[PDB]
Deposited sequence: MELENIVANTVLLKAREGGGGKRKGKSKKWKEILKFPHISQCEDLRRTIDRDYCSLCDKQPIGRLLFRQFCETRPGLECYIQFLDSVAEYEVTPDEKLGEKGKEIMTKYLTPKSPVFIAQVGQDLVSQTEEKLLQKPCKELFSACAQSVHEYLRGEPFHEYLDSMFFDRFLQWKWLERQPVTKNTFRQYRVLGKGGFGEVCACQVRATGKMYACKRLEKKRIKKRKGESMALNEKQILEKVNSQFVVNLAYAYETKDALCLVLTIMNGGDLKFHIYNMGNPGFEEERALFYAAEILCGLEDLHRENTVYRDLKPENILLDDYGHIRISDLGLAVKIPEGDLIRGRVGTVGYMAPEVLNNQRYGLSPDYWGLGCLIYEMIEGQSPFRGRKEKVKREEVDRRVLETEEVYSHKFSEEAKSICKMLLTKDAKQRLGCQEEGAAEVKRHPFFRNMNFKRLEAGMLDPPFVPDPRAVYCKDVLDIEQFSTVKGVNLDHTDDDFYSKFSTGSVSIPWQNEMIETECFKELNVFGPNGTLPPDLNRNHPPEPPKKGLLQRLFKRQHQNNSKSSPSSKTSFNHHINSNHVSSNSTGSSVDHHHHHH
């Protein structure tokens, strides 16, 4: 046992768990100290006054507007209804009826205890007629839309005039603070990327755990990849999906550019396939993972963006067992009506169209989904052996010519979804046609997978990683780069560095404050709902 291997993980595991100060800096209350509201006049001018952004999408602003609504009983009742419609939207599909009636009898009646007077009588009656017809979780959608149409009016304008929006401006003043290497503390390397290495890092003030994808400036230049780096960053930010790694920071360094990403302490799937017992795992695990991978691919294809690099090592597991797609550097956004043409990908996972320099759309991803489902069931790549040292020229040859081979491990449904997703003609490939992912979601393979409860987070993952385990190779077994030489950086690269490095992302940052309880603890106003001194303009 090598000491460096041991110490590297015992440290990571200690920070991961916690536990005094929750892992925060000793002076975190001074770092995140609110400015005086008099310091937020610039923000006052530039902030866009949007109800949906300031009172729902922006996490801290959604809680500050609810705190304002709960200051007046006339507005709190609405917040109660909306919260009640949320429960009904995630309650048992059989108990919908009784709970839908509870809401109807609690909020939408002439003398209901918490009567909402802006929903509209026709609407409640329409909703009350459909109550019987059949109970669906979308039943109350319109009622809540009527509440939001009323809250975006006078209530929103009064919030903007309140001390709670002043507090939001303070929070935003903190959000926009600069990011730097001193903002985080780096831990062990979790894996090696294309331009650098992924590490585990921790925000020093909040204690939140992340993963830093370092992209070494010299390496980006040596390999002409300045557009791949920017594309990955812009992509990660544009996308929103519970099944794709999300971006929270993006800062620059003397020698590298960094992407702070969601940490996946469960590890990558290649590790769970080859370094944890027998090759491959059970179909049930493969079912769940393939389903979420598909969901993540549906979220990407909504923005007409292809991935082109689907392989086990780019699928990760989180604290609970759900997965996300990780290296979006090879992804591109095809023109909504045009197709692309580039031989990009990892051998054994490049689809036939991408192998003959043909032109393709969002197609090579469904080939990659089949390559995965096969590898998770069998224990090898469909067209290559585990440790076969086959020249990749031949690996190509096989995928276009030979046909994959199945075994007793594959079920009838598992063998079909693979054989349809591995169709060597894009037109005739499952999902590559017209319906889209919906043709996959019906396949006999997923005959027991409710992609609705899956996309909602109701299904429990099959495998749950153990907190006191590092589902990763040892640090000394991670491959290393070869020192770059002769690529001395200059000025013309400074324009791309400034465009890449945009600081913190708004919504992730605010979530980080909520989760770490920094918001909870520092978002204190005065006694009996009085102006605190940092919001009082009569004196600092």
Inset, instruction - Would you mind checking the deposited sequence against the model and listing the stretches with no C-alpha coordinates? - result: 19-20, 543-598
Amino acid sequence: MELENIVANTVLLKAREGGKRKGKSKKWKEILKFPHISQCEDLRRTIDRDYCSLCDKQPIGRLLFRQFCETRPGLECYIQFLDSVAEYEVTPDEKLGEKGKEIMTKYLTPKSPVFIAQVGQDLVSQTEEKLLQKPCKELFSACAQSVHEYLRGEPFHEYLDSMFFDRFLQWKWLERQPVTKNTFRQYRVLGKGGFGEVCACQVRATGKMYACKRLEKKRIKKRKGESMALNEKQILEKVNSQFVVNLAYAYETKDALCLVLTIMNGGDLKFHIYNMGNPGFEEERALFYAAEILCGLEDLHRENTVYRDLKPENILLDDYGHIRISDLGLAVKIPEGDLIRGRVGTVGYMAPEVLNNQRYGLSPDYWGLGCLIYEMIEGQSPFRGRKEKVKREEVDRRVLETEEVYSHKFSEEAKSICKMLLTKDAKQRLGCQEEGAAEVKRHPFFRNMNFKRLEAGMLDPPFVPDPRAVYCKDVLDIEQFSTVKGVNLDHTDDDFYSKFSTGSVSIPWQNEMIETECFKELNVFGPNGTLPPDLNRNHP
From here on, numbers count along this sequence of modelled residues.
Legend entry - Greater mean Cα temperature factor according to the PDB record, 171-179 or 406-414: 406-414
Inset, instruction - Decide which of the stretches 264-272 and 295-303 has the higher mean C-alpha B-factor, going by the entry. - result: 295-303
Legend entry - Peak C-alpha temperature factor (PDB record), options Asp56, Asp474, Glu41, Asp494: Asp494
Inset, instruction - Just grab whichever of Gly153, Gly345, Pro279, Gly457 has the top CA B-factor as deposited. - result: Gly457
Inset, instruction - Sorting the chain's modelled residues by C-alpha B-factor, tell me whether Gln145 ends up in the lowest, middle or highest third. - result: highest
Inset, instruction - Would you check the entry's CA temperature factor for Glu284 and let me know if it's in the chain's lowest, middle or highest third? - result: middle
Inset, instruction - Determine, from the deposited record, the chain-internal third of the Cα B-factor for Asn523: lowest, middle or highest. - result: lowest
Inset, instruction - Grab the CA temperature factor for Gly370 from the record and place it in the lowest, middle or highest third of its chain. - result: middle
Inset, instruction - Could you tell me which third, lowest, middle or highest, the C-alpha B-factor of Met513 occupies within its chain? - result: lowest
